[PDB]
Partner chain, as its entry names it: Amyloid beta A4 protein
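Before any questions on binding or motion, here is one chain by itself as structure tokens, the form deposited without the partner chain.
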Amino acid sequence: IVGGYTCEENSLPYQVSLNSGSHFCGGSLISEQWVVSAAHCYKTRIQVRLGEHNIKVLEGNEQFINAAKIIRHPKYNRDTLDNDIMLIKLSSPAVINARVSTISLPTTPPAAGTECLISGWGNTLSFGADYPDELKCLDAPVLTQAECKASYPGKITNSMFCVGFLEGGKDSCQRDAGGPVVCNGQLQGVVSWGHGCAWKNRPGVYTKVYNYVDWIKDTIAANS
């Protein structure tokens, strides 16, 4: 996250870190045993780290759980990042407490101008790299489809939307992908991609969670 602030420790209890030796992506806990993330974050083996604040120091509330089953969206395209969404089933259900909790599915797509909360352990710079110790947070509004499409002509599919600031300076960035965009207490977006981080007229592009409500519910029911 570029231009954000350090979240208050454990104040985003649904935020998880995806690990394979080091942090590489985010995800969102939507049920005791299930995480939502991005299809392009997929690895053969992933460890889910919950209850994290400083991801480089054990502090006392962490839960580490290895993923049992990973399901990319069947229509995911590695080149265009269409349908960039994925489900991870934990090998054991997470213990639910003040520090590790779930975030809800949306009931409608978020309207342009809705204030949202993006978060992750991604790069904090527009140039070069600084990966933070502690979880970063950004308040950012949903942008219109027209603004989105104008910022990335020809690249915005029906699965994607933009959130951020066209003036630049505040954005998601590398290794934030797969993490949450939460608006009015529902998971509306999955961090996916952009050109640069926090460049003028180059807002982050996120996967529309609402488009996959049926697929999420049915896949999870069918694999429980």
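Residue numbers count along the first chain shown, from 1.
The same protein also has a form solved in complex with the partner chain, omitted here; what follows describes it.
Undergrad: Where does the partner chain sit in the entry with it bound: which of 27 to 35, 60 to 68, 181 to 189, 164 to 172, heavy atoms within 4.5 Å?
TA: Partner-contacting stretch among the options: 164 to 172.
Undergrad: Which of these residues, 87, 81, 116, 148, gets a heavy atom within 4.5 Å of the partner chain in the entry with it bound?
TA: The option sitting close enough to the partner is 81.
Undergrad: Indicate whether the partner chain has at least one heavy atom within 4.5 Å of a heavy atom of residue 40 in the entry with it bound.
TA: Yes - in the entry with it bound, heavy atoms of residue 40 and the partner chain come within 4.5 Å of each other.
Undergrad: Does any heavy atom of residue 176 come within 4.5 Å of a heavy atom of the partner chain in the entry with it bound?
TA: Residue 176: contacts the partner chain in the entry with it bound.
Undergrad: Although the partner chain is absent from this view, report whether residue 194 comes within 4.5 Å of it in the entry with it bound, heavy atoms only.
TA: Residue-level check for residue 194: yes, a contact with the partner chain.
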